[PDB]
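Down below is the structure, laid out as structure tokens.
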Amino acid sequence: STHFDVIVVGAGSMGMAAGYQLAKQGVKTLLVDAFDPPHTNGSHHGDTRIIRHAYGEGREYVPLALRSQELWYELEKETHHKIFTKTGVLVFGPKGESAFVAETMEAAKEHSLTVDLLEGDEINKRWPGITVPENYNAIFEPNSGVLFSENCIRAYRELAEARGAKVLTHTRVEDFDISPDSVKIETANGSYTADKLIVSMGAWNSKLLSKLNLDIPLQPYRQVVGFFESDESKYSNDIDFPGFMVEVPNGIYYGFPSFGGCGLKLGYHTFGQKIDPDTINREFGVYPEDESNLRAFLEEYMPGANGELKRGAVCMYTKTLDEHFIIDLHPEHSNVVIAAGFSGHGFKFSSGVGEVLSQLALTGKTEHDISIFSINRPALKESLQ
Ligand SMILES: *Cc1cc2c(cc1C)nc1c(=O)[nH]c(=O)nc-1n2C[C@H](O)[C@H](O)[C@H](O)COP(=O)(O)OP(=O)(O)OC[C@H]1O[C@@H](n2cnc3c(N)ncnc32)[C@H](O)[C@@H]1O
Ligand SMILES: O=C(O)c1ccco1
Ligand SMILES: O=C(O)c1ccco1
Ligand SMILES: [Cl-]
Numbered sequence: 001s002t003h004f005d006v007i008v009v010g011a012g013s014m015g016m017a018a019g020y021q022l023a024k025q026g027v028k029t030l031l032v033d034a035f036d037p038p039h040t041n042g043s044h045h046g047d048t049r050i051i052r053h054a055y056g057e058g059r060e061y062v063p064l065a066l067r068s069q070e071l072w073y074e075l076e077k078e079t080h081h082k083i084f085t086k087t088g089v090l091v092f093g094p095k096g097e098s099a100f101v102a103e104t105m106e107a108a109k110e111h112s113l114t115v116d117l118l119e120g121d122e123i124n125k126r127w128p129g130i131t132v133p134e135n136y137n138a139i140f141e142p143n144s145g146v147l148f149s150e151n152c153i154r155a156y157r158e159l160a161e162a163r164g165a166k167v168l169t170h171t172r173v174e175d176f177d178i179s180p181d182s183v184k185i186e187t188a189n190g191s192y193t194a195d196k197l198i199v200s201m202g203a204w205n206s207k208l209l210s211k212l213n214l215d216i217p218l219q220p221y222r223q224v225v226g227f228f229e230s231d232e233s234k235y236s237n238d239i240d241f242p243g244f245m246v247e248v249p250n251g252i253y254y255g256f257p258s259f260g261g262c263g264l265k266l267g268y269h270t271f272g273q274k275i276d277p278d279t280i281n282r283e284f285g286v287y288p289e290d291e292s293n294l295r296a297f298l299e300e301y302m303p304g305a306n307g308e309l310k311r312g313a314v315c316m317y318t319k320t321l322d323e324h325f326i327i328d329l330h331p332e333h334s335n336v337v338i339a340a341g342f343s344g345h346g347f348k349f350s351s352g353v354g355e356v357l358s359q360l361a362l363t364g365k366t367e368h369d370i371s372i373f374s375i376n377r378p379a380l381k382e383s384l385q
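All letters in the sequence shown, in the order written, are residues 1 to 385 by the deposited numbering.
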């Protein structure tokens with residue numbers, strides 16, 4: 001018997017940030033999650049996430065990255081949980097052979113971002129522990145870094161709840177009923193109604209958006225990361241080893257310096273198993289490539305960070321065909337907002353996306369330029385049932 005102003009379905013990276021933005025404004029909000037965020041069944045665990053500003057996926061993401069960075073610094077001031085460490089982010093690849101490195105460089109120039117350009121042995125000399133061929137070049141962004149993602153979600157949740165937001169946990173939304181003047185969700189624990197709906201179900205958007213009459217190609221991928229015993233005199237955040245995202249002939253890899261001796265963390269970005277979020281095997285090591293694809297990179301490029309595997313994690317990316325996000329109103333329902341398809345690179349923007357989703361839910365518009373995330377764009381291949 002409790003109506004809400006806004007209901008957020010999926011209180012993860014995007015939904016919890018939206019919940020915080022709504023609650024801060026006195027908007028009566030209900031967030032419903034299938035688990036209890038932060039958790040290890042979605043796309044936000046594994047402890048850390050890179051935030052970059054010079055953006056290799058496209059210079060058009062820069063304003064949102066800069067606003068998100070500002071919001072993360074604000075969050076750091078509002079909570080006792082650790083939010084951000086300014087490790088800097090190193091991007092490298094073979095000279096003239098990486099579109100990712102080239103666009104990162106162009107984005108930095110176009111937006112006057114502070115970066116260092118170096119190549120070959122200059123890279124190996126600046127950061128003991130990295131061994132790249134002499135024909136590699138790099139761009140280092142000193143002022144970007146690493147986010148503690150589970151801490152971010154935990155902090156937004158605590159702040160939102162303190163302002164009155166309600167979070168209904170361990171409750172899966174199974175269906176939606178949308179009318180011109182209201183929205184309704186159905187769950188085994190009861191049905192709830194509101195004036196507006198934000199849908200941010202992560203990998204499950206690939207299975208449940210059909211309940212909103214949407215047909216959009218979305219593919220969930222199983223993406224693992226491993227933490228390795230490393231030479232702390234080289235790979236520790238305390239000696240300024242950077243976060244990194246790099247392109248080599250067989251793909252893109254990313255990693256993090258060892259924090260408090262946890263070991264260097266590495267992931268392989270361009271390969272993952274196609275999976276379903278309800279049947280994915282979340283145990284690290286069940287496929288031999290989980291660990292072998294990581295050591296193939298380490299033994300060649302960061303040889304002193306290739307010791308015993310200390311910890312592994314299994315997480316999911318949800319890709320669109322063009323690998324750009326979907327942030328927009330439902331084409332048939334202005335009272336429904338969709339946040340989907342973050343394609344393995346959305347966490348850094350979650351603070352800014354929370355702001356955008358709040359604006360879309362409350363006003364049907366946003367001050368942010370989100371045209372490239374349109375649900376009606378040709379490359380997405382969206383349609384109705
Ligand atoms: C997995 C991964 C992702 C990743 C990364 C490394 C790995 C291994 N590294 C990144 C990085 O360094 N920098 C960055 O910017 N992004 C990086 N990513 C991607 C990023 O983590 C994802 O893009 C982001 O987390 C996506 O957020 P989203 O909010 O879409 O997904 P979520 O956090 O999983 O939250 C979804 C929530 O919805 C709930 N849910 C699902 N179904 C239901 C139903 N039916 N009812 C209610 N709730 C539902 C989930 O339980 C979850 O909490
Ligand atoms: O394989 C993919 O990456 C995919 C399929 C549909 C959307 O993305
Ligand atoms: O910055 C990103 O988007 C990232 C780093 C590692 C994986 O994704
Ligand atoms: Cl994703």
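No residue lacks a Cβ here, since even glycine has one placed at the ideal position from N, Cα and C.
Nonlocal neighbours in the same chain, by C-beta distance under 7 Å from residue i, ignoring five residues either side
| i | result |
| --- | --- |
| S191 | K184 and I185 |
| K234 | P128, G129, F241 and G304 |
| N306 | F228, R295, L298 and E299 |
| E134 | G120 and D121 |
| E150 | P38, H44, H45 and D47 |
| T366 | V356, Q359 and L360 |
| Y254 | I50, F244, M245, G267 and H269 |
| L64 | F349, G352 and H368 |
| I239 | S233 |
Beta-carbon proximity of residue i to residue j, cut-off 8 Å
| i | j | result |
| --- | --- | --- |
| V314 | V224 | yes |
| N137 | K109 | no |
| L209 | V336 | no |
| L30 | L168 | yes |
| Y55 | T2 | no |
| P220 | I153 | no |
| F349 | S68 | yes |
| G354 | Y20 | yes |
| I83 | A155 | yes |
| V32 | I7 | yes |
| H170 | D322 | no |
| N143 | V132 | no |
Local conformation of residue i per DSSP, three classes
| i | result |
| --- | --- |
| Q223 | strand |
| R282 | coil |
| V115 | coil |
| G202 | helix |
| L214 | strand |
| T270 | coil |
| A99 | helix |
| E186 | strand |
| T104 | helix |
| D240 | coil |
| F4 | strand |
| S371 | helix |
| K381 | coil |
| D276 | coil |
| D36 | coil |
Start and end residues, alpha helix (DSSP H) containing residue i
| i | result |
| --- | --- |
| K234 | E232 to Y235 |
| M245 | No alpha helix (DSSP H) holds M245; the beta strand (DSSP E) holding it covers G243 to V248. |
| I123 | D121 to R126 |
Cβ neighbours of residue i in the same chain (closer than 6 Å, five flanking residues each side left out)
| i | result |
| --- | --- |
| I280 | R222 |
| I252 | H269 and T270 |
| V199 | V9 and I338 |
| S334 | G364 |
| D290 | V224 and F284 |
Same chain, Cβ closer than 8 Å to residue i, five either side skipped, listed in chain order
| i | result |
| --- | --- |
| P242 | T87, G88, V89, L90, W127, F140 and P257 |
| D175 | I185, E186 and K211 |
| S343 | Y317, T318, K319, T320, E323, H324 and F325 |
| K381 | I216, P217 and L321 |
Range of the contiguous beta strand (DSSP E) that encloses residue i
| i | result |
| --- | --- |
| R49 | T48 to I51 |
| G251 | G251 to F256 |
beta-carbon residue i near ligand 6 non-hydrogen atom, thresh 7 Å
| i | result |
| --- | --- |
| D290 | What this structure holds is ligand 1, ligand 2, ligand 3 and ligand 4, not ligand 6. |
* To do: Quick one: which unbroken alpha helix (DSSP H) runs of 4-plus residues sit fully inside the stretch 293 to 368? Chain order, please.
  => 350 to 363
* Asked: What are the uninterrupted segments assigned as beta strand (DSSP E) that are 3 or more residues long and contained completely in the stretch 131 to 183, given in chain order?
  -> 136 to 141, 145 to 148, 166 to 168 and 173 to 178
* To do: Would you mind listing the alpha helix (DSSP H) stretches within the stretch 54 to 92 that are 4+ residues and don't spill past its ends, in chain order?
  => 62 to 78
* Let me know the alpha helix (DSSP H) ranges lying completely inside the stretch 6 to 33, each 4 residues or longer, listed in chain order. => 13 to 24
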